[PDB]
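Okay, structure first, notes after.
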Amino acid sequence: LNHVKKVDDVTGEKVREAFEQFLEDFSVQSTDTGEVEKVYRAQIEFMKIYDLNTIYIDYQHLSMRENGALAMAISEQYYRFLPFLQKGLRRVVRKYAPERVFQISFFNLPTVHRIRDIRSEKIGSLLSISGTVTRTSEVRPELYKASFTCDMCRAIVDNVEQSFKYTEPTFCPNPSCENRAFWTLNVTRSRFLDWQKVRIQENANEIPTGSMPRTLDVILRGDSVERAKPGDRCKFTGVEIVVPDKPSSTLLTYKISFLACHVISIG
Amino acid sequence: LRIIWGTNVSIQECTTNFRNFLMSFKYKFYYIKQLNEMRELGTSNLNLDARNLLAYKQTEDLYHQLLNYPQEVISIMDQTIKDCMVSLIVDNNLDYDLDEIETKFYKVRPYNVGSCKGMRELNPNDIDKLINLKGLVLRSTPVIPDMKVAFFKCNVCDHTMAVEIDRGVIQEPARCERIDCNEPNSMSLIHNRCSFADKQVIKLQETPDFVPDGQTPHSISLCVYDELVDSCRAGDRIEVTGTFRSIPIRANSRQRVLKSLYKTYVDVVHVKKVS
Amino acid sequence: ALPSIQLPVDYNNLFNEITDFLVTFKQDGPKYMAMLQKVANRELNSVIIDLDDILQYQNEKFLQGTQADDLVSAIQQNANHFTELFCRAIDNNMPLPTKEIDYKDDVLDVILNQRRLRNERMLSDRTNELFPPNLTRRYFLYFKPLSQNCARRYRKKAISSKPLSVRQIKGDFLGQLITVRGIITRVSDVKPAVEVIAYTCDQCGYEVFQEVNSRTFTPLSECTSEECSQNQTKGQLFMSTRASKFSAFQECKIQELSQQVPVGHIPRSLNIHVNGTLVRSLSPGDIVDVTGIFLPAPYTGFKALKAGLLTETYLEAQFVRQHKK
Ligand SMILES: [Zn+2]
């Protein structure tokens, strides 16, 4: 059965080309003694040394190209562009370089916003959050992408399963298992990554006691794992999302769980 | 006349009765002055006064239509103040460059409708009404996100079409979008992509100064919404206005059954203020 | 398959006797015309039915014939059934206009008024099975105990109305009005209960009313309406809170007065449900003779543990008489 076809991504492709061209082209201000050439090609090439499979690019540089009009697609609509920013970036690496897990972490956001200033309009958007860490937790694997099959019985399907449920694989199978059947869990084909949760709390100097400061969950996914310390202020990359923990889905209880794909000890 | 269900507050009637309410001191026993202050700042949130419509004529009845039926009356009031902004702009010709400033969202924030006695006195007979309350706040809950416009997906093809929530429920079409494609397979609901709106929750003791003595005061959880969210901290003894709500709770556990005794919370459309 | 065995008591002609009890009266025009019309006039809700007058009526209907079947024993013998039977009769004799009723005026009366207006109109247009009698009330029927100064008639053993100990309470008093006395304990704060709650459909509309029976009910969706049903395909329907009829609900437990406790054991509390007007009447720490039908409300489950069925009961409040005004 042919899948006809796929649609449409529209702007997503425009942002793919813009971001690719941006990570390619300068991205250089300084002249003479630089800080010149490239810096991002040189960033990836410097990255070829340790091959830790992450990149660092500044948001301020990204705003300079289109005058911030490029940064807007990457701001409010950002999570729509996560699968595009990754594979797209790989389309670059495949060209300039010779086992692929890529964690993109933006940084240096124009304005830092407190946990109190957190709104439901800020979802799917980069927001810098400052505050002290409380209750770090031990690092465990995420399923990331999995092969769970067969699933009745020989299929061996490896795809998707990227979203957090984790249920379920084996749906719309094999071709053709028609499972149902067992899930079935296979952990040897499934690459894992990271992660550690930290519960971020507002700094005590800002909060007007009587306050009773309101903590909120930030899970660290990415190589920024372990970079966080208890009793200290940290700046993160926003990706606010939500996690299940109001209407029903008929033929749901949610809360704000902040994500950070980048960490720094600033504060 | 466009009768609307059981609330029976007529569209294309009360809109005009409110539209000619404009430009009044009057009376009293501001009004357009404060609105003219409002148009520059872009702060929206028109606080109103209440009482205005009483004893003033016309709209002696509108006060009773709002008090007895605040749900619709607030929405209609917002539409009318919006179109009275639209009619304010055409008077001065080109304003603020240009039409975008009208597009921005506005709302009425009614307050001080009669003097209600406590939470305790309240009859179960009035469940859609504007209700004063007073008491300290024991805690301000973390923000829960609320559905506004829902997003959906399928394995085919995949297509991006989505539908708004409207009433407090979510029904996704079985099959399917665009086209067609089909097949029957269940819809995939993306959790993060859809829009959200701020809903806090605020616990309130009933007037600790006014008590059966010695029985400990009763909790009233008022859920607020929008801008009002995270606009307060704790222990504020002053006062709050808003629409009373009784909604069913799911009990044991699972089972998809209703406990048949509806819990009660206040929508709290407006807040105010200090000591 | 579920055998049946006749009993001398029959509710059919007893209803007739209730109808003869109502609106035909002398001794106290009659009291049941005025007391009913003042409710119909909507300045009054609680209907206080005294069993004393029911006692007075039988004398006129016996000796003084023509002789009839007894109520005062037959009421307190059951006393739940009469709330759904003795009280529905009021619907048949009630003054229709009654006076100056209008519509709004009242909140939520306009809702149902427009319901019956649009229903009458649309039905009379369609013909060119009705809203339940419990939704349209806006009043509550409450029996009261006969102590009594006139109980000395004498019907003797007829009295409960025996201001009994909580210890005196037995499993043989369930479904029979009993006065009890003790100190109010814990006096839980009032919350709205539910009765019908007619949900609203979408496409073709109409209405359906789901009975609130026992403690809880299961909510339904589907579509009941034949129009939305099968074409096309099943209309969606939601509950409308404005349309529902709410009856105040307050529960409170009552421990024994402790003088009624023997040399041994322990104070035993008894759970008491309150409805309608009688709400808030009760206050903590106050000795009160509370009278009411004595009933179970099973089981909500559990259901594995007991086994069975082990009712655990409660007392429905009917009347309230507190010591020391
Ligand atoms: Zn329908």
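Scheme for the structure tokens: letters A, B, ... for chains in order shown; per-chain residue numbers from 1; ligand numbers from 1 in order shown.
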If you run DSSP on the backbone, which residues of segment 17-216 of chain A are strand (DSSP E), as a PyMOL selection string? chain A and resi 54-58+103-107+112-113+128-129+131-134+196-201+216
Residue subset to file, keeping C-alpha atoms, as an mmCIF file, in the first residue's frame:
```cif
data_model
loop_
_atom_site.group_PDB
_atom_site.id
_atom_site.type_symbol
_atom_site.label_atom_id
_atom_site.label_comp_id
_atom_site.auth_asym_id
_atom_site.auth_seq_id
_atom_site.Cartn_x
_atom_site.Cartn_y
_atom_site.Cartn_z
ATOM 1 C CA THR A 54 25.829 18.249 20.014
ATOM 2 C CA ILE A 55 26.153 21.802 18.695
ATOM 3 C CA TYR A 56 26.179 25.302 20.157
ATOM 4 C CA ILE A 57 24.848 28.316 18.242
ATOM 5 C CA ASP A 58 23.862 31.773 19.489
ATOM 6 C CA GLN A 103 21.090 17.533 20.265
ATOM 7 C CA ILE A 104 20.631 21.148 19.162
ATOM 8 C CA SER A 105 20.823 23.657 21.968
ATOM 9 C CA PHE A 106 20.238 27.344 21.421
ATOM 10 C CA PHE A 107 21.363 29.854 23.997
ATOM 11 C CA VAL A 112 15.400 36.059 30.960
ATOM 12 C CA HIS A 113 11.940 35.323 32.311
ATOM 13 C CA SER A 128 15.263 31.386 29.543
ATOM 14 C CA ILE A 129 14.425 30.434 33.121
ATOM 15 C CA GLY A 131 16.359 29.825 39.516
ATOM 16 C CA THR A 132 17.924 27.434 42.030
ATOM 17 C CA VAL A 133 17.920 23.649 41.536
ATOM 18 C CA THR A 134 16.175 21.346 44.034
ATOM 19 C CA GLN A 196 18.047 13.684 34.722
ATOM 20 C CA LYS A 197 15.156 15.668 36.194
ATOM 21 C CA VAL A 198 15.701 18.731 38.327
ATOM 22 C CA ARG A 199 13.010 20.628 40.116
ATOM 23 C CA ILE A 200 13.694 24.334 39.595
ATOM 24 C CA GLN A 201 12.736 26.884 42.222
ATOM 25 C CA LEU A 216 8.365 23.627 38.737
#
```
With DSSP run on the backbone, what are the helix (DSSP H, G or I) residues within segment 50-174 of chain C? I'd like them as a PDB file with C-alpha atoms, in the first residue's frame.
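Just written: result.pdb:
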```
ATOM      1  CA  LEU C  51     -49.439  13.451  61.188  1.00  0.00           C
ATOM      2  CA  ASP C  52     -51.671  14.871  63.940  1.00  0.00           C
ATOM      3  CA  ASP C  53     -54.280  15.993  61.403  1.00  0.00           C
ATOM      4  CA  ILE C  54     -54.052  12.692  59.560  1.00  0.00           C
ATOM      5  CA  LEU C  55     -55.017  11.282  62.963  1.00  0.00           C
ATOM      6  CA  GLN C  56     -57.905  13.775  63.199  1.00  0.00           C
ATOM      7  CA  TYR C  57     -59.249  12.792  59.775  1.00  0.00           C
ATOM      8  CA  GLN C  58     -59.671   9.084  60.449  1.00  0.00           C
ATOM      9  CA  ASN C  59     -62.093   9.880  63.300  1.00  0.00           C
ATOM     10  CA  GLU C  60     -64.326  11.666  60.836  1.00  0.00           C
ATOM     11  CA  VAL C  72     -50.904   6.961  60.499  1.00  0.00           C
ATOM     12  CA  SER C  73     -49.646   3.415  61.124  1.00  0.00           C
ATOM     13  CA  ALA C  74     -49.240   2.730  57.379  1.00  0.00           C
ATOM     14  CA  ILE C  75     -47.216   5.904  56.854  1.00  0.00           C
ATOM     15  CA  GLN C  76     -44.610   5.523  59.551  1.00  0.00           C
ATOM     16  CA  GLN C  77     -44.542   1.816  58.614  1.00  0.00           C
ATOM     17  CA  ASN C  78     -43.002   2.807  55.273  1.00  0.00           C
ATOM     18  CA  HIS C  81     -42.909   5.572  49.780  1.00  0.00           C
ATOM     19  CA  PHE C  82     -45.288   8.321  50.850  1.00  0.00           C
ATOM     20  CA  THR C  83     -42.821  11.038  49.887  1.00  0.00           C
ATOM     21  CA  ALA C  89     -51.229  14.000  44.917  1.00  0.00           C
ATOM     22  CA  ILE C  90     -50.594  17.705  45.603  1.00  0.00           C
ATOM     23  CA  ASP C  91     -50.004  18.056  41.853  1.00  0.00           C
ATOM     24  CA  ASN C  92     -53.582  17.008  41.031  1.00  0.00           C
ATOM     25  CA  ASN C  93     -55.392  19.449  43.366  1.00  0.00           C
ATOM     26  CA  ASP C 109     -38.498  29.205  35.844  1.00  0.00           C
ATOM     27  CA  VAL C 110     -38.236  31.054  32.575  1.00  0.00           C
ATOM     28  CA  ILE C 111     -36.056  28.221  31.310  1.00  0.00           C
ATOM     29  CA  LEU C 112     -38.660  25.531  31.861  1.00  0.00           C
ATOM     30  CA  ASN C 113     -41.444  27.936  30.851  1.00  0.00           C
ATOM     31  CA  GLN C 114     -39.777  28.364  27.463  1.00  0.00           C
ATOM     32  CA  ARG C 115     -39.184  24.606  27.431  1.00  0.00           C
ATOM     33  CA  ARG C 116     -42.916  23.903  27.684  1.00  0.00           C
ATOM     34  CA  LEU C 117     -43.698  26.791  25.306  1.00  0.00           C
ATOM     35  CA  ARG C 118     -41.354  25.568  22.575  1.00  0.00           C
ATOM     36  CA  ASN C 119     -42.438  21.987  23.334  1.00  0.00           C
ATOM     37  CA  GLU C 120     -46.135  22.805  23.109  1.00  0.00           C
ATOM     38  CA  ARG C 121     -45.569  24.830  19.925  1.00  0.00           C
ATOM     39  CA  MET C 122     -43.309  22.252  18.198  1.00  0.00           C
ATOM     40  CA  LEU C 123     -45.566  19.316  19.218  1.00  0.00           C
ATOM     41  CA  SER C 124     -48.769  21.065  18.136  1.00  0.00           C
ATOM     42  CA  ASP C 125     -46.965  21.798  14.833  1.00  0.00           C
ATOM     43  CA  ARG C 126     -45.694  18.197  14.457  1.00  0.00           C
ATOM     44  CA  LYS C 156     -51.471   4.066  71.986  1.00  0.00           C
ATOM     45  CA  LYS C 157     -48.738   2.003  70.256  1.00  0.00           C
ATOM     46  CA  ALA C 158     -49.123   4.204  67.167  1.00  0.00           C
TER      47      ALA C 158
END
```
Using only C-alpha atoms, I'd like every residue of chain C that has an atom within 12 Å of chain A; please write them out as number ranges by chain. C: 221-222, 234, 236
Print the selection's residues with N, CA, C and O atoms to a file, as a compact mmCIF listing (two decimals), in the first residue's frame.
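File written: selection-v8.txt
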```
# COMPACT_ATOMS: atom_id res chain seq x y z
N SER C 221 -24.18 9.04 27.18
CA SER C 221 -24.03 9.94 26.04
C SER C 221 -24.90 9.52 24.85
O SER C 221 -26.02 10.02 24.71
N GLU C 222 -24.41 8.59 24.03
CA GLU C 222 -25.12 8.04 22.87
C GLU C 222 -25.93 9.12 22.13
O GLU C 222 -25.44 10.23 21.88
N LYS C 234 -25.03 9.76 15.38
CA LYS C 234 -25.52 9.90 16.75
C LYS C 234 -25.21 11.30 17.27
O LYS C 234 -24.04 11.66 17.43
N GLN C 236 -24.58 14.53 19.53
CA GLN C 236 -23.84 14.74 20.77
C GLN C 236 -24.65 15.57 21.77
O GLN C 236 -25.37 16.49 21.37
```
Nearest residue to chain B from the set C:178, C:208, C:187, C:293 (distances using only C-alpha atoms):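 Using only C-alpha atoms, the shortest distance to chain B belongs to C:187.
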Could you work out which residues of chain B fall inside 6 Å of chain C? Count only C-alpha atoms, and format the result as a JSON list (two decimals) with N, CA, C and O atoms, in the first residue's frame.
```
[["chain", "number", "residue", "atom", "x", "y", "z"],
["B", 6, "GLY", "N", -32.48, 29.31, 27.31],
["B", 6, "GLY", "CA", -33.19, 29.56, 28.54],
["B", 6, "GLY", "C", -32.73, 30.81, 29.26],
["B", 6, "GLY", "O", -33.42, 31.31, 30.16],
["B", 124, "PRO", "N", -28.40, 26.39, 46.77],
["B", 124, "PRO", "CA", -28.11, 25.52, 45.62],
["B", 124, "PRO", "C", -28.97, 25.88, 44.41],
["B", 124, "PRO", "O", -28.73, 25.37, 43.33],
["B", 125, "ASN", "N", -29.99, 26.71, 44.63],
["B", 125, "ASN", "CA", -30.87, 27.18, 43.55],
["B", 125, "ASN", "C", -30.21, 28.19, 42.63],
["B", 125, "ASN", "O", -30.61, 28.33, 41.48],
["B", 257, "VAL", "N", -18.04, 6.83, 36.35],
["B", 257, "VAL", "CA", -19.31, 7.18, 37.01],
["B", 257, "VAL", "C", -19.22, 8.49, 37.77],
["B", 257, "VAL", "O", -18.14, 8.92, 38.17],
["B", 258, "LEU", "N", -20.37, 9.15, 37.94],
["B", 258, "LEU", "CA", -20.41, 10.42, 38.66],
["B", 258, "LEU", "C", -20.88, 10.22, 40.11],
["B", 258, "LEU", "O", -21.85, 9.51, 40.39],
["B", 259, "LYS", "N", -20.16, 10.88, 41.02],
["B", 259, "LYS", "CA", -20.43, 10.83, 42.45],
["B", 259, "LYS", "C", -21.81, 11.39, 42.76],
["B", 259, "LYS", "O", -22.31, 11.26, 43.89],
["B", 260, "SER", "N", -22.40, 12.05, 41.76],
["B", 260, "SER", "CA", -23.75, 12.60, 41.84],
["B", 260, "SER", "C", -23.92, 13.75, 42.82],
["B", 260, "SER", "O", -24.98, 14.29, 42.95],
["B", 261, "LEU", "N", -22.87, 14.09, 43.53],
["B", 261, "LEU", "CA", -22.89, 15.31, 44.28],
["B", 261, "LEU", "C", -21.84, 16.26, 43.69],
["B", 261, "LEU", "O", -20.64, 16.06, 43.89]]
```
Within 6 Å of ligand 1, counting only C-alpha atoms and all ligand atoms: which residues, as a PyMOL selection string? chain C and resi 201-206+225+228+235
Which polymer residues have any atom within 8 Å of an atom of residue 316 of chain C, counting only C-alpha atoms, with same-chain residues fewer than 2 positions away left out, as a ChimeraX atom specification? /C:272-274,292-295,314,318
Could you give me, as a tab-separated table, a per-residue list for chain B showing, wherever an atom lies at most 7 Å from an atom of chain A, the closest pair of atoms and their distance in Å to one decimal, using only C-alpha atoms and sorting by chain then residue number from low to high?
```
residue	atom	partner	partner_atom	distance
B:142	CA	A:214	CA	6.7
B:144	CA	A:255	CA	5.1
B:145	CA	A:255	CA	6.1
B:157	CA	A:6	CA	5.3
B:158	CA	A:6	CA	6.0
B:159	CA	A:7	CA	6.1
B:168	CA	A:247	CA	5.3
B:169	CA	A:247	CA	4.7
B:170	CA	A:249	CA	5.4
B:171	CA	A:250	CA	5.8
B:192	CA	A:241	CA	5.4
B:196	CA	A:120	CA	5.2
B:197	CA	A:120	CA	5.3
B:198	CA	A:120	CA	5.8
B:233	CA	A:211	CA	6.4
```
Save the residues we just selected, C-alpha atoms, as a PDB file, in the first residue's frame?
```
ATOM      1  CA  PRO B 142       0.817  25.915  40.272  1.00  0.00           C
ATOM      2  CA  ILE B 144      -2.542  24.234  34.965  1.00  0.00           C
ATOM      3  CA  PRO B 145      -2.778  24.660  31.154  1.00  0.00           C
ATOM      4  CA  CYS B 157      -0.815  11.060   5.362  1.00  0.00           C
ATOM      5  CA  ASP B 158       0.077  12.689   7.892  1.00  0.00           C
ATOM      6  CA  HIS B 159      -2.264  15.704   7.695  1.00  0.00           C
ATOM      7  CA  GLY B 168     -15.736  21.638  27.730  1.00  0.00           C
ATOM      8  CA  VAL B 169     -15.431  18.469  25.616  1.00  0.00           C
ATOM      9  CA  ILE B 170     -13.213  17.154  22.760  1.00  0.00           C
ATOM     10  CA  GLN B 171     -14.622  15.175  19.821  1.00  0.00           C
ATOM     11  CA  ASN B 192       2.242  19.657  23.016  1.00  0.00           C
ATOM     12  CA  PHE B 196      -3.341  26.611  26.041  1.00  0.00           C
ATOM     13  CA  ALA B 197      -4.779  29.183  28.453  1.00  0.00           C
ATOM     14  CA  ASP B 198      -3.881  29.878  32.086  1.00  0.00           C
ATOM     15  CA  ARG B 233      -0.173  35.581  46.409  1.00  0.00           C
TER      16      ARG B 233
END
```
Who sits within 8 Å of segment 142-155 of chain C, only C-alpha atoms, same chain under 6 positions skipped, as a PyMOL selection string: chain C and resi 46-52+161-162+179+291+318-319
What's around segment 161-165 of chain B at 10 Å? Count only C-alpha atoms, leave out sequence neighbours fewer than 2 positions away in its own chain, and write the answer as a CSV table (one decimal) with C-alpha atoms, in the first residue's frame.
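Dumped to result-v2.csv:
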```
chain,number,residue,atom,x,y,z
A,247,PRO,CA,-12.1,18.0,28.8
B,147,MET,CA,-7.4,23.6,26.2
B,148,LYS,CA,-8.5,26.3,23.7
B,149,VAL,CA,-7.8,25.0,20.2
B,150,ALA,CA,-7.0,21.3,19.8
B,151,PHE,CA,-4.6,19.7,17.4
B,152,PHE,CA,-4.8,16.3,15.7
B,153,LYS,CA,-2.8,13.9,13.6
B,154,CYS,CA,-3.0,10.5,11.9
B,158,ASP,CA,0.1,12.7,7.9
B,159,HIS,CA,-2.3,15.7,7.7
B,167,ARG,CA,-17.6,23.5,25.0
B,168,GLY,CA,-15.7,21.6,27.7
B,169,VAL,CA,-15.4,18.5,25.6
B,170,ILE,CA,-13.2,17.2,22.8
B,171,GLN,CA,-14.6,15.2,19.8
B,172,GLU,CA,-12.2,14.2,17.0
B,173,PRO,CA,-13.7,13.0,13.7
B,176,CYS,CA,-10.6,11.5,8.3
B,177,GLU,CA,-8.7,14.5,6.9
B,178,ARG,CA,-7.4,15.4,3.5
B,189,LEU,CA,-3.6,13.6,19.4
B,194,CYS,CA,-2.2,22.6,20.7
B,195,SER,CA,-2.9,26.0,22.3
```
Which residues are close to residue 155 of chain A, i.e. within 7 Å by only C-alpha atoms, leaving aside same-chain residues fewer than 3 positions away? Reply as JSON, numbers by chain. {"A": [149, 150, 151, 152, 174, 177]}
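If you measure from each of C:101, C:27, C:250, C:322 to residue 123 of chain B using only C-alpha atoms, the closest one turns out to be C:250.
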Nearby residues (only C-alpha atoms) at most 12 Å from residue 52 of chain A, same-chain spacing under 6 positions excluded, as a PDB file with N, CA, C and O atoms, in the first residue's frame:
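That gives us part33.pdb:
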```
ATOM      1  N   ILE A  44      31.407  22.905  13.515  1.00  0.00           N
ATOM      2  CA  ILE A  44      31.176  21.491  13.222  1.00  0.00           C
ATOM      3  C   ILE A  44      32.499  20.754  13.027  1.00  0.00           C
ATOM      4  O   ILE A  44      32.662  19.612  13.465  1.00  0.00           O
ATOM      5  N   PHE A  46      35.404  21.603  14.382  1.00  0.00           N
ATOM      6  CA  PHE A  46      35.993  21.475  15.716  1.00  0.00           C
ATOM      7  C   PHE A  46      35.283  20.368  16.481  1.00  0.00           C
ATOM      8  O   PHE A  46      35.866  19.700  17.335  1.00  0.00           O
ATOM      9  N   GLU A  99      24.481   5.581  14.082  1.00  0.00           N
ATOM     10  CA  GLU A  99      25.338   6.301  15.015  1.00  0.00           C
ATOM     11  C   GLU A  99      25.116   7.818  14.963  1.00  0.00           C
ATOM     12  O   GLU A  99      26.076   8.594  15.047  1.00  0.00           O
ATOM     13  N   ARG A 100      23.863   8.251  14.845  1.00  0.00           N
ATOM     14  CA  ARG A 100      23.584   9.683  14.821  1.00  0.00           C
ATOM     15  C   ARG A 100      22.560  10.060  15.867  1.00  0.00           C
ATOM     16  O   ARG A 100      21.378   9.741  15.735  1.00  0.00           O
ATOM     17  N   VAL A 101      23.008  10.759  16.900  1.00  0.00           N
ATOM     18  CA  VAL A 101      22.083  11.403  17.806  1.00  0.00           C
ATOM     19  C   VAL A 101      22.532  12.843  17.953  1.00  0.00           C
ATOM     20  O   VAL A 101      23.628  13.121  18.424  1.00  0.00           O
ATOM     21  N   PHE A 102      21.690  13.766  17.511  1.00  0.00           N
ATOM     22  CA  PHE A 102      22.060  15.175  17.484  1.00  0.00           C
ATOM     23  C   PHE A 102      21.174  16.035  18.377  1.00  0.00           C
ATOM     24  O   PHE A 102      19.960  16.139  18.182  1.00  0.00           O
ATOM     25  N   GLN A 103      21.803  16.655  19.364  1.00  0.00           N
ATOM     26  CA  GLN A 103      21.090  17.533  20.265  1.00  0.00           C
ATOM     27  C   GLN A 103      21.465  18.994  19.998  1.00  0.00           C
ATOM     28  O   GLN A 103      22.595  19.426  20.258  1.00  0.00           O
ATOM     29  N   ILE A 104      20.497  19.731  19.457  1.00  0.00           N
ATOM     30  CA  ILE A 104      20.631  21.148  19.162  1.00  0.00           C
ATOM     31  C   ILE A 104      20.257  21.965  20.380  1.00  0.00           C
ATOM     32  O   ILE A 104      19.153  21.833  20.906  1.00  0.00           O
ATOM     33  N   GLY A 222      19.428  15.806  26.796  1.00  0.00           N
ATOM     34  CA  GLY A 222      20.599  16.304  26.108  1.00  0.00           C
ATOM     35  C   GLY A 222      21.886  16.105  26.885  1.00  0.00           C
ATOM     36  O   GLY A 222      21.889  15.647  28.027  1.00  0.00           O
ATOM     37  N   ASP A 223      22.986  16.482  26.251  1.00  0.00           N
ATOM     38  CA  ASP A 223      24.313  16.331  26.814  1.00  0.00           C
ATOM     39  C   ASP A 223      24.575  17.333  27.939  1.00  0.00           C
ATOM     40  O   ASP A 223      25.620  17.297  28.586  1.00  0.00           O
ATOM     41  N   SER A 224      23.617  18.222  28.176  1.00  0.00           N
ATOM     42  CA  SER A 224      23.721  19.170  29.278  1.00  0.00           C
ATOM     43  C   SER A 224      23.365  18.455  30.569  1.00  0.00           C
ATOM     44  O   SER A 224      23.389  19.045  31.648  1.00  0.00           O
TER      45      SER A 224
END
```
One number please: atom CA of residue 128 of chain C to atom CA of residue 230 of chain C, in Å, one decimal.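 About the pair atom CA of residue 128 of chain C and atom CA of residue 230 of chain C: they are 24.7 Å apart.
Between atom CA of residue 23 of chain C and atom CA of residue 62 of chain C lies a distance of 18.9 Å.
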